[PDB]
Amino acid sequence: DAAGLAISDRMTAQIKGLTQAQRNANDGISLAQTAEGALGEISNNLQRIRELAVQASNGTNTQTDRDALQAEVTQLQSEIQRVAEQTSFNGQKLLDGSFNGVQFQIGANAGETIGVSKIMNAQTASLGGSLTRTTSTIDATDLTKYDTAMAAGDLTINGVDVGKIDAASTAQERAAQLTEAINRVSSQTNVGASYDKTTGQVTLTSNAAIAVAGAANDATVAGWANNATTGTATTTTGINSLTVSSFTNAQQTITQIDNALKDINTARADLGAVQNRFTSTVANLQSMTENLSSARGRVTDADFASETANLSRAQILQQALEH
């Protein structure tokens, strides 16, 4: 019975181990579905941003029109960021870049595992990857000569005149005025302005050096003094520094959002594959466990039959002998 004890004990280890492992694989499906659903909501939000970037590139837009589109973009970036930073399955974050992958015990024995691969950092500071362009930032508060009116020719961008600008009563108003006039010619100069009202900063953006010229040559009235190579080549990650404030900005946003969607798509593809792997694992474990338990059932049935038959036999023989 040495072999019988060894087999019975292994059958028990197998049945119980493979039964827990099917639970484990089912839990793996649920985590992946969760991560994939959440990425799906981010993708929706990304499409919305992209669509607003197309709309913002309308040649008939005022700055006020673009600022309204940017308000919605800002709302969307907030929602993408909280989904990416908050999403979890049973106490473990999935989309913040901290999911280094996990292995699932899907067999009875140590080391019989299936890995869920690391999941991308879908936070807005990371989503979509690299983006390098030329930027130049001022503060609205720098515009101390906001009262000094501008006549056409005072400020030019890449040799394109921004035109006349009336006297302002605040530095912040001149900031608004400069954003507006620069952005009017953005599609022609390849330079766009984003005026962040939360901070008061005006950022110029381009794919190349910015040629600032004109009659005024005073940063305190027209934001930037004359300089043929204005701006610095600068890199950020993700979509968080994206705006649709100008044609130039909105064109960058389209391109970068496309990069972000690609990243999401491939992450969702990975997660679909791992679900598939877990589902075929569950099918395998269910089949194996059913076979093993059926085999056990035949053994215990036979044991009961032999016990009953042996006990009966001993009594019937006893009777025969007592005659």
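From 1 onward, residues are counted along the sequence shown.
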Avg C-alpha B-factor, entry values, 267-275 vs 64-72, higher side is 267-275
Higher-scoring stretch by recorded Cα B factor average, 254-262 or 283-291:
283-291
Reading the B-factor column of the entry, which of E79, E85, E180, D218 has the highest value at its C-alpha atom?
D218
Comparing C-alpha B-factors across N90, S246, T199, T236 in this entry, the winner is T236
Quick one: classify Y146 as lowest, middle or highest third of the chain based on its Cα B-factor.
highest
Test of reading the entry: by CA B factor among the chain's modelled residues, which third contains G163?
highest
When the modelled residues of the chain are sorted by Cα temperature factor, does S130 land in the lowest, middle or highest third?
highest
Would you please rank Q315 by its C-alpha temperature factor against the other modelled residues of its chain and give the third it falls in: lowest, middle or highest?
highest
Hey, what third does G231 fall into on Cα B-factor, ranked over its chain?
highest
